[PDB]
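To start, the structure itself, in structure tokens.
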Amino acid sequence: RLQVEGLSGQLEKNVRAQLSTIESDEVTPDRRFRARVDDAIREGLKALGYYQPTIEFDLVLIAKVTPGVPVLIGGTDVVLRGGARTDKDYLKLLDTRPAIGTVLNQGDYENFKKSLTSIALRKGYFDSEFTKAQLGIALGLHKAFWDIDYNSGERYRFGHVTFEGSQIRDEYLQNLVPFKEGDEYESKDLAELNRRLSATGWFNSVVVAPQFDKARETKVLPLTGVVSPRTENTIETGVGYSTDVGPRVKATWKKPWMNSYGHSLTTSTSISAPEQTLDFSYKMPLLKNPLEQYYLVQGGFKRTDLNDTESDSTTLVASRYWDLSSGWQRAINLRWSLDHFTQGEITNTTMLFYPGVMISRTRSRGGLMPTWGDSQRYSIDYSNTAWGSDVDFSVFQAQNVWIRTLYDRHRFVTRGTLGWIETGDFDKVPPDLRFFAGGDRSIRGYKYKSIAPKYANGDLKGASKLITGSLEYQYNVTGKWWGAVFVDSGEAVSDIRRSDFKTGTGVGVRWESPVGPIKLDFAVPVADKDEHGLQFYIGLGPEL
Ligand SMILES: CCCCCCCCCCCCCC(=O)OC[C@H](COP(=O)([O-])OCC[N+](C)(C)C)OC(=O)CCCCCCCCCCCCC
Ligand SMILES: CCCCCCCCCCCCCC(=O)OC[C@H](COP(=O)([O-])OCC[N+](C)(C)C)OC(=O)CCCCCCCCCCCCC
Ligand SMILES: [Cl-]
Ligand SMILES: [Cl-]
Ligand SMILES: [Cl-]
């Protein structure tokens, strides 16, 4: 074992980090090893300014180190040529230089050099060169002097972008170029072009390559965006199980490009004992803004046989979307639907036609089980008999998911859902538009959609208002395995002045499996004389 002495602050920290690279307690020499320790100490001290120390050993081994005289900064001379002499980023860097008199750190010199080189790369100074770069160390004066003469040249500007291998018409790609021809080069614009192209889903691969062979004389940099068409068909499946609903299967078939206009088609189905759906979604990007703006035409079929609800539904939807890179989506919707249903003893055929608006956003960082993220969705729908709809109503909805991680190991998932349907003919409203609570992602511990007001005969009727929330805490026990504890609470009522909150609580497991996060929850109803017994759930739940 070895020990130091004679170092006060950071000096005793850097030396300790330098010594913990060679093995201490070991069968080793006593005049060849203490020569290895000596070289290390002097190197850690040299980096912090002390060039002329003194070290000496006794016996466990101890080493009396003395810092000695430090070399100070005598001059940080730097001259800049080209656009750098007047460039704000280069000017800003010149202040980072260490003041005269301060103790020398060799890291500051080489890092200043890295920064000169880094800014040139970022801002397109592709003719940048050091004409001089030297650090003079004068031990006689105990002074160090920079001497850098750096010539950046002039900024390169963007040329034309030529695309290769695209199955999509070129005009769509040109309208995704975030810069104008002639704009001053900026590295993040290339990154943004790559991002935008990839985000369309049109391509298997995207590589934007600058053509330096040409831009040497003109200082105008043409780009070549070579792409490969996306796989024409993709099929994802998914399976889940819950004690109340039973097994559940989802499958989606994506055709991320249907033609050279960049249209895409998604066919989806969700199958369980009580509910079955089949949906189609056809997307048509607008030429002016192919990524941010598009039309959606959706058509769907649904069948429900659940509790006191029997229903079959058909719907068509036309939507106009405005998406932002910030994550916000904004849409105007126009929905038509036909619903044949029986709720309790009430049977009806209802045709609806109504517009609506939707605002949403989803953010995520950390992968499939994100460490941080959130999702928000707010919508308003308005049906009116004046334009052919069978029922007058207004539906307001809001939902939130918030995910945050503390100290790498403590993950908090918070959810909240609000729903309000205002109408004077509730009996004609299809069950799908009414509110029921209970079940996973509603109130765990209660049966799927079992919570709602009832007809006089005891049959479920559905609610005109919905309020639910959940607090969940997860702890990363080991590796990819987490323990979870949660409480869910909410109500589905038709008179908000008359509360009837139901609360469920439970514990669970989470596993970051190769195919994504797998959850397992056990849950019971809390303080309910009418409801007892454990519900459990297993699946690939998304959280957000
Ligand atoms: C709820 C959904 C409602 C359906 C909405 C559909 C709306 C469709 C309107 C637009 C049609 C496409 C316009 C178009 O561009 O047409 C031509 C296009 C080919 O053009 P191209 O220049 O690539 O030539 C080929 C490439 N080459 C020249 C290099 C060889 O052909 C195609 O897109 C043919 C494929 C289009 C099929 C769409 C199927 C929709 C129905 C799904 C089922 C829903 C049931 C409820
Ligand atoms: C590659 C795509 C894979 C899709 C998924 C594969 C099939 C998964 C079946 C899972 C069934 C287990 C759950 C179950 O028990 O569910 C029962 C359900 C209806 O049973 P039920 O009416 O006798 O009584 C229903 C009412 N009660 C039970 C209260 C009396 O079963 C059904 O709906 C069966 C629906 C079968 C659909 C056949 C495939 C069409 C896919 C087209 C679109 C694909 C786009 C990607
Ligand atoms: Cl268009
Ligand atoms: Cl809608
Ligand atoms: Cl009814």
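Each ligand, and each atom within it, is numbered from 1 in the order the structure gives. Below, all heavy atoms of this structure are taken into account, side chains as well, without hydrogens, waters or symmetry copies. For this chain, numbers begin at 1 and follow the sequence in order.
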Residue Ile271 vicinity, atoms of ligand 2 by number, heavy atom under 4.0 Å: 9 (C), 10 (C), 11 (C), 16 (O), 31 (O), 32 (C), 33 (O), 34 (C), 35 (C)
Check: residues 362-373 side-chain donor-acceptor pairs under 3.5 Å, at least two apart:
unit_1	atom_1	unit_2	atom_2	d
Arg363	NE	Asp374	OD1	3.1
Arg363	NH2	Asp374	OD2	3.3
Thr371	OG1	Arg365	O	3.3

Ring centroid separation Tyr537 to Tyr241 under 6.0 Å: no
Derivation of the side chain to side chain contact (heavy atoms under 4.5 Å, CB included) call for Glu164 and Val227: CA-CA 6 Å; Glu164 299 180 347; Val227 295; over 6 Å; no
Ligand 2 contact by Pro274, heavy-atom criterion under 4.0 angstrom: no
Listed partners of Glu232 passing side-chain contact (heavy atoms from CB on, under 4.5 Å), at least two apart: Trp257
Residues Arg411, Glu543: salt bridge by 4.0 Å N-O rule: yes
Proximal ligand 2 atoms for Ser272, defined as those under 4.0 Å from one of its heavy atoms: 13 (C), 14 (C), 16 (O), 17 (C), 18 (C)
Per-atom contacts, ligand 2 versus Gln276 - under 4.0 Å to a heavy atom: 18 (C), 19 (C), 33 (O)
With sequence neighbours excluded, residues passing side-chain hydrogen bond (donor to acceptor under 3.5 Å, both in side chains) with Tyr294: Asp323, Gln329
Trace of the ring-ring contact (aromatic ring centres under 6.0 Å, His included) decision for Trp253 with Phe280: CA-CA 10 Å; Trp253 172 12; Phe280 302 85; 9.2 Å; no
Check ion pair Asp521-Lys519 (N to O, under 4.0 angstrom): yes
Present, as a list of atom pairs with distances to 0.1 Å, all nitrogen or oxygen contacts under 3.5 Å between ligand 1 and the protein.
unit_1	atom_1	unit_2	atom_2	d
ligand 1	22 (O)	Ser260	OG	3.1
ligand 1	23 (O)	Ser260	N	2.9
ligand 1	23 (O)	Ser260	OG	3.2
ligand 1	33 (O)	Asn259	ND2	2.8

